[PDB]
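Residue 21 in PDB author numbering sits at position 21 of the sequence shown, with consecutive numbering throughout. Beta carbons: idealized from backbone N, C-alpha and C, even for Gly. Below: one structure, written as structure tokens.
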Amino acid sequence: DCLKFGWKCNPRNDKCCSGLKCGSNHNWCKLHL
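Below, the structure is given as structure tokens:
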């Protein structure tokens, strides 16, 4: 399933939910803007 808001991710492999993005300077899924 997709990584949800606040879920820890790896910036190279975005597995965050639709509209949500793994932040490059972060380590978690934040709202895509």
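If you count every other CB in all the chains shown that lies within 10 Å of the CB of residue i, and 16 or more means buried, which is it?
i     : result
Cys16 : buried
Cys29 : buried
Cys22 : buried
Measure the alpha-carbon distance for residue i versus residue j and round it to whole angstroms.
i     : j     : result
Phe5  : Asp14 : 12 Å
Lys8  : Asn27 : 6 Å
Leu33 : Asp1  : 21 Å
With distance defined between alpha-carbon atoms, name the residue in the options nearest to residue i.
i     : options            : result
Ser24 : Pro11, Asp1, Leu33 : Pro11
Is it true that the CB of residue j sits closer than 8 Å to the CB of residue i?
i     : j    : result
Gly19 : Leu3 : no
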